[PDB]
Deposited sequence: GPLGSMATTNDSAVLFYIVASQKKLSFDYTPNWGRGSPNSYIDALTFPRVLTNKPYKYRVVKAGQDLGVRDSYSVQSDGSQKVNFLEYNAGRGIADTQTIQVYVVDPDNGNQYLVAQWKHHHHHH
């Protein structure tokens, strides 16, 4: 029963809206990923892990006016897109302590 955790957020945030349903971008490559509504309380960076291989952190793109934010894999895979044959994992990085939390995954 996770509701104590749920309402702890509600207690501390009061009002909060987020969408991390991922919008992956294609031909047999995944070039990027977009989140419709990201959290903005901190300047979060992102880490991409490609089929188990860690591509590191890069600095985030700006958050859009409709609240969306884009993670472009080309800045992470040295200019190449990633083949859908591989699994991809996208972590939010906490700029204060460097913690990272999985927020998206591809097969």
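- Missing from the model, relative to the deposited sequence, are the stretches 1 to 9, 36 to 38, 120 to 125.
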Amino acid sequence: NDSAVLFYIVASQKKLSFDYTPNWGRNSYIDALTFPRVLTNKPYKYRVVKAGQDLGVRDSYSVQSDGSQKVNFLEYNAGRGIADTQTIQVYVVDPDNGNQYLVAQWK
From here on, numbers count along this sequence of modelled residues.
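- In this entry, the higher average B-factor at the C-alpha atoms falls on 82 to 90, of the pair 82 to 90 and 95 to 103.
- Within the group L74, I30, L55, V71, the record's highest C-alpha temperature factor is found at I30.
- Annotation for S65: CA B-factor lies in the highest third of the chain's modelled residues.
- When the modelled residues of the chain are ordered by C-alpha B-factor, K50 sits in the lowest third.
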